[PDB]
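Please read the structure below before turning to the comments.
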Amino acid sequence: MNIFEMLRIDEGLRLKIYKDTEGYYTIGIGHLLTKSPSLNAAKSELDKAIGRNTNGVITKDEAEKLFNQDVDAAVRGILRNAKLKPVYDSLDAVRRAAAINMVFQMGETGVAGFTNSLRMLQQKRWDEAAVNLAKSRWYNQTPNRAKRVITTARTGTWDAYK
Ligand SMILES: [Cl-]
Ligand SMILES: [Cl-]
Numbered sequence: 001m002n003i004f005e006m007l008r009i010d011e012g013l014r015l016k017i018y019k020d021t022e023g024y025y026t027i028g029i030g031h032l033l034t035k036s037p038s039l040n041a042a043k044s045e046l047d048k049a050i051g052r053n054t055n056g057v058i059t060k061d062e063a064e065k066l067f068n069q070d071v072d073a074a075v076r077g078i079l080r081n082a083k084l085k086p087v088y089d090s091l092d093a094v095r096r097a098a099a100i101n102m103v104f105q106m107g108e109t110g111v112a113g114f115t116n117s118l119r120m121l122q123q124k125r126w127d128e129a130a131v132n133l134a135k136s137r138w139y140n141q142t143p144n145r146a147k148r149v150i151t152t153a154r155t156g157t158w159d160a161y162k
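Read in the authors' numbering, the sequence shown has 67 at position 67, and its numbers run on one by one without any break.
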C-alpha cells in the first residue's frame, strides 16, 4: 500500500465532471475544479488544468496526471507549512501517508487548523489524537473515509485499507 493507492481508494476515479460530497465540481481522482455553482466555470477550470478543450471529459491518463500533481502539491504544502512540517517530520511512513491524505482532502489551511490533534500526534499520543480527530465536521461529513484515515494515524498500519 502507498499514498497513491490509498487515495485512489478513498476518492475513486471519475472521467467526467462530477460533484463531490460538498457539492463542488470535481473530476478524475478527487481533483477539485471549483466551488462555483457553474458547470461552466468548471468546464473552464478543467480546460485550463488539462491544456485542451475537453468538454468536461478527460482520459485515465489526464486524470492520473492531475492526481500526480496533486499528491506532489500536498507533500510540498506540508513541507512549507510551519505548523505542519514538524508534526510530519516526527511521524513514521504509514502515519505520514495519513497526514498527506488529510491535506489532499481538506487543504493545508484546514488541517493546519486541527491544532490540538497536531500536538497529540507529535507527542505520539495515538489513542487520544484519534479521539480528538473524530470531533470534527470532517468526520461527521465523511465518516467512513475519516475512520480509515484516523485508524491509519492511530495504528501506523494499513489495516483499514486491506
Ligand atoms: Cl491544476
Ligand atoms: Cl465517507
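From the three backbone atoms N, C-alpha and C, an ideal C-beta is built for every residue, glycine too.
In terms of residue numbering, what span does the alpha helix (DSSP H) encompassing residue 80 cover? As a first step, residue 80 is located in the sequence shown; it is residue number 80 there, counting from the start. 60-80 is the extent of the alpha helix (DSSP H) around residue 80.
Around the Cβ of residue 148, are there at least 16 other Cβ atoms within 10 angstroms (buried) or fewer (exposed)? The count along the sequence shown starts at 1 and reaches residue 148 at position 148. Under this definition residue 148 is a buried residue.
Does the beta-carbon distance from residue 39 to residue 27 come in below 8 Å? Position 39 of the sequence shown, counted from the start, is the residue given in the question as residue 39. Position 27 of the sequence shown, counted from the start, is the residue given in the question as residue 27. For residue 39 and residue 27, no; Cβs fall outside 8 Å.
Run the CB neighbour count on residue 22, radius 10 Å, all protein chains shown included, and call it buried at 16 or more, exposed below. Locating residue 22 in the sequence shown gives position 22, where the first residue counts as 1. With fewer than 16 Cβ atoms within 10 Å of its Cβ, residue 22 is classed as exposed.
Can you find at least 3 beta carbon pairs, one from the stretch 96-114 and one from the stretch 63-75, that sit closer than 8 Å? yes
May I ask you to check if the CB of residue 137 is nearer than 7 Å to at least one heavy atom of ligand 2? Your numbering for residue 137 matches position 137 in the sequence shown. For ligand 2, not one heavy atom lies less than 7 Å from the Cβ of residue 137.
Should the stretch 148-157 be called in touch with the stretch 83-103, which here means at least 3 C-beta pairs below 8 Å? yes
Among 136, 141, 144 and 124, nearest to residue 111 - alpha-carbon criterion: Along the sequence shown, one-based indexing puts residue 111 at 111. For the residues 136, 141, 144 and 124, the minimum Cα distance to residue 111 belongs to 136.
Is any heavy atom of ligand 2 found at a distance shorter than 7 Å from the C-beta of residue 86? Looking up residue 86 in the sequence shown gives position 86. No - ligand 2 has no heavy atom lying nearer than 7 Å to the Cβ of residue 86.
DSSP on residue 43, reduced to helix/strand/coil? Position 43 of the sequence shown, counting from 1, holds the residue named residue 43. Of the three classes helix, strand and coil, the one that applies to residue 43 here is helix, per DSSP.
Ordered along the chain, which non-local residues of its own chain (more than five positions away) have a Cβ less than 8 Å from that of residue 59? Here residue 59 refers to the residue found at position 59 of the sequence shown. Excluding positions up to five away in sequence, the list reads 15.
For residue 99, which of 140, 152 and 18 has the nearest alpha-carbon? What you label residue 99 is simply residue 99 of the sequence shown in a count that begins at 1. Of the candidates 140, 152 and 18, the one whose C-alpha sits nearest the C-alpha of residue 99 is 152.
Quick one: is the Cβ of residue 49 within less than 7 Å of any heavy atom of ligand 1? Along the sequence shown, read from residue 1 onward, the residue named residue 49 stands at position 49. It does: the Cβ of residue 49 is within 7 Å (strictly closer) of some heavy atom of ligand 1.
Compare the beta carbon distance of residue 138 and residue 129 with 8 Å and say whether it is the shorter of the two. Taking the sequence shown and counting its residues from 1, the one referred to as residue 138 is at position 138. Taking the sequence shown and counting its residues from 1, the one referred to as residue 129 is at position 129. No. Outside cutoff.
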